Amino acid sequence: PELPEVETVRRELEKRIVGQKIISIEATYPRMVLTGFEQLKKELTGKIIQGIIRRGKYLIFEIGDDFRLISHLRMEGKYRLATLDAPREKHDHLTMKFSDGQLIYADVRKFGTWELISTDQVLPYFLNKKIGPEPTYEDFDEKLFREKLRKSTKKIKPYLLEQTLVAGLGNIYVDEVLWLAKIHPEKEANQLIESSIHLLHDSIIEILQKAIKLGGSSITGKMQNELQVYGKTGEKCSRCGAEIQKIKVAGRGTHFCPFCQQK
């Protein structure tokens, strides 16, 4: 999941679990709680979920007043709400039990993480990750973006995916955005023109905000209907009729139009 998907998860959870008291926390894979499962159990049991925030692809549960739970799903993490008598599934790892149901975290890869952070350490935690700005016209400043790009010979796709220029792009939306901006994924950042950078800036926001609006991509989101390159190897570019190509860039599957996006 990318930013839009995480934000969709944040909204669904906000509607459903805010106000709920945690009766118990149990784990079949405590190691995914990097800060220590027993500590987390001690501090959050009996507390009320007050809210759920997001920064980048990170979810932030406001539980009690002193601590926050920072959850990253990584590649395959998924939350579901189940009844109390719900049977286990193979890749369930963690559960928060409430008086009339439970919030289960599952992850086939076991990459996702929980981190218990004191409230005062949340801003620092994100500063320290060097996470870039939210992809909004409010936060994502084109001048700073331009300045950083002009200073780098990094290929634009991998650089965008670092999360430092702007937060929230994954493999799917980076390909979408480069297509929309007519930029080759292996173009060196400092070869981008000013106008090209402007369009890239806006396409980042426009695609990610649109995808939030459609509840993310499901491959129950609807953004998958609006994908122009991801998964369309061989099909015709809607803009020029060229066959969409798939190459590997810094180890990642990459879809692009060979006419609309040229190095």
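Note that residue numbering begins at 1 and tracks the sequence as displayed.
- Mean C-alpha B-factor is higher over 150-158 than over the other stretch, the pair under comparison being 150-158 and 163-171.
- Mean CA B-factor, 117-125 versus 67-75: the higher value falls on 117-125.
- Going by the entry's values, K232 shows the largest Cα B-factor out of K213, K232, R55, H198.
- Per the PDB record, residue ranking by Cα B-factor puts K110 in the middle third of the chain.
- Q262 sits in the highest third of its chain by CA B factor, as recorded in the PDB entry.
- When the modelled residues of the chain are ordered by their C-alpha B factor, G132 lands in the middle third.
- In this PDB entry, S203 carries a Cα temperature factor that places it within the lowest third of its chain's modelled residues.
- When all modelled residues of the chain are sorted by CA temperature factor, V9 is found within the lowest third.
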